[PDB]
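Take a look at this single chain in structure tokens; it is the form solved without the ligand.
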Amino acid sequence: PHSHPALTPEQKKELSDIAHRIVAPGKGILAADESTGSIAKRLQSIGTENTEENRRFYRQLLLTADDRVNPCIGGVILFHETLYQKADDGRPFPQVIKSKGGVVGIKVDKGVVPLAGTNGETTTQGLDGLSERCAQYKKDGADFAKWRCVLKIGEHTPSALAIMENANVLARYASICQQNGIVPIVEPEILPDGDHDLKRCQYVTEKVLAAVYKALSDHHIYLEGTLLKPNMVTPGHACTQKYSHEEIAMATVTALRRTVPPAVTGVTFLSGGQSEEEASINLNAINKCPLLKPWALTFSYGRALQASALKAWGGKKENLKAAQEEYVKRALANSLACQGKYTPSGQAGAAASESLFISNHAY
């Protein structure tokens, strides 16, 4: 009979197998995909000129940390330039990543662009020629990709248009990726900017994710062959009201349970500005939340895995080891965190629970 499925069972198996590898138990993602202009600001914060060699050295610094990170890193997201650079031993970075047990990912969006008629809202571009790009990236060692849409909570934002448009472009991106054997990481980041409280973020997150999945369905996206990279549900950066990690965890898990189909292979949280410690603690609380979570809940951190490393390096080659040690430190912390076994202190623990605390209908 008449039938035109988007993928064959062979294409589905390849995508599903890749997605599961990335978020296998205890593993997370290192998001080191900052574009030229963005990494330039990072290097600037430590008085380091933004040359290709310094970008190569910094990326090599993270990608070649010792084997203690192997069990912690299921994947590494790179920016185009880096995907084609090499370590001092002549090995292309994709080979270095793979030799350490990681799956190579490539950021494919081309930045945000303003949505006319909105209060400073944006959508994301990068769809032009994406299919050919994906085909080339695949041949060059990449198995997954990343695309970032940005939404903001404000007076009249996110608006209906911004929500619908961003969800739609994510679906287009995901569709093209899957046609090329690349697992798409869908990143609809809701910024923490503003003074909104926890319930407001949870509400917006629920509305945004519902839109994202309806769009993924309309575009015939194979969910088992994807990963979701959302913001955790937290109060606004300037929210006067304060909250505990357990509340943040409850709000986040609740929002996800109400919008993310169990078919989605994994949820890899962005750190969104949270300190390295805060990001690890919250991820740990999320994994210890009493609710049933049918998908891996791990990390895809940029700042939360590089903050201390960048600083320790200071743009000086003699600080290589010390810098790598800071990164390992966070890779190890978050690996435990995505399993709910993180105790902020040293590395050893004992107990891990929070009995006598129910009633979560306040969410």
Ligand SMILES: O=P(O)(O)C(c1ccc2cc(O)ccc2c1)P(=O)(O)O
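Residues carry their position along the shown sequence, with the first being 1.
Absent from the display: the form deposited with the ligand bound. The rest refers to it.
4.5 Å heavy atom contact, residue 45 and the ligand in the entry with it bound
Taking the distances in the entry with it bound, the answer for residue 45 is yes, it comes within 4.5 Å of the ligand.
4.5 angstroms heavy atom contact with the ligand in the entry with it bound for residue 56
Because no heavy atom of residue 56 falls inside 4.5 Å of the ligand in the entry with it bound, the answer is no.
Heavy atom to heavy atom, is residue 302 within 4.5 Å of the ligand in the entry with it bound?
Answer yes; at least one heavy atom of residue 302 falls within 4.5 Å of the ligand in the entry with it bound.
Within 4.5 Å, heavy atoms only: does residue 310 come near the ligand in the entry with it bound?
Within the cut-off, so yes.
Residue among 60, 324, 306, 335 with a heavy atom within 4.5 Å of the ligand in the entry with it bound
So the residue touching the ligand in the entry with it bound, by this definition, is 306.
Which among 315 to 323, 66 to 74, 34 to 42, 47 to 55 is in contact with the ligand in the entry with it bound, heavy atoms within 4.5 angstroms?
After filtering at 4.5 Å, what remains is 34 to 42.
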